[PDB]
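Next up: just one chain, as structure tokens, the form deposited in one PDB entry.
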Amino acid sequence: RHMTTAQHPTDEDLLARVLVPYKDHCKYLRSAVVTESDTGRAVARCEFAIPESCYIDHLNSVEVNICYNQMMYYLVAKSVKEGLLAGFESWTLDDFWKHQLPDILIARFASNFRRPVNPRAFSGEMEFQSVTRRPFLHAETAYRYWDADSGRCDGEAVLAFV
């Protein structure tokens, strides 16, 4: 980790498992490369597409949040599987999936419009900034979405691993 950087291509079966509970037309995350930082932070670099809205007939805050959830569940599952999630290095994906996954709660969530993002196709990324005990793990994360034309938005989300 100080010597190399772990980096993983999209995990298609993990991605479909993540997306399985969503309505067909609310499935937006399409690919996700997972990394670890020199300091042990888990990062996801993702692509997204919204061919049609999920809940109502640019990229809006509802969709920003749906996309985060998907990106966040994927990154968490894939990081635990590959030993990159601070706090869970002694856990396996199994133990985590049925026991921690359900009890991930978004404690706080925030989004900010910068330039309108084309909902049809656009990129995103997120970081586990910190993980900290509080008898639960409190994790800060940051995220950002962009397209091929300066569209951008971003924000943060504090997670509680119960």
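Note that the rigid core is defined as the largest set of C-alphas that superpose within 1.5 Å between two forms. Each residue number is its position in the shown sequence, starting from 1.
Coordinates are absent for 4 to 9 residues of the deposited sequence placed between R134 and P135. Gap between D57 and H58: 1 to 3 deposited residues without coordinates. Looking at 91 to 99 and 33 to 41 together, the entry lists the larger mean B-factor for 91 to 99, computed on C-alpha atoms.
According to the PDB record, 17 to 25 carries the higher mean C-alpha B-factor of the two stretches 17 to 25 and 142 to 150. If you compare the C-alpha temperature factors of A110, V64, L105, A49 in the entry, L105 comes out highest. Highest CA B-factor among the listed residues (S53, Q70, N118, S123): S53. Sorting the modelled residues of the chain by their CA temperature factor places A6 in the middle third.
Among all modelled residues in its chain, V162 ranks in the highest third by Cα B-factor.
What comes next is about the form deposited in another entry, which does not appear here.
Only one candidate in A110, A107, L101, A49 has its Cα displaced by 2 Å or more between this form and the one not shown after core superposition: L101.
In comparison with the shown form, the Cα-Cα distance of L101 and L75 increases by at least 3 angstroms in that other deposited form. Panel note: the distance between the CA atoms of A86 and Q100 is larger in that other deposited form than in this form, the difference being 3 Å or more.
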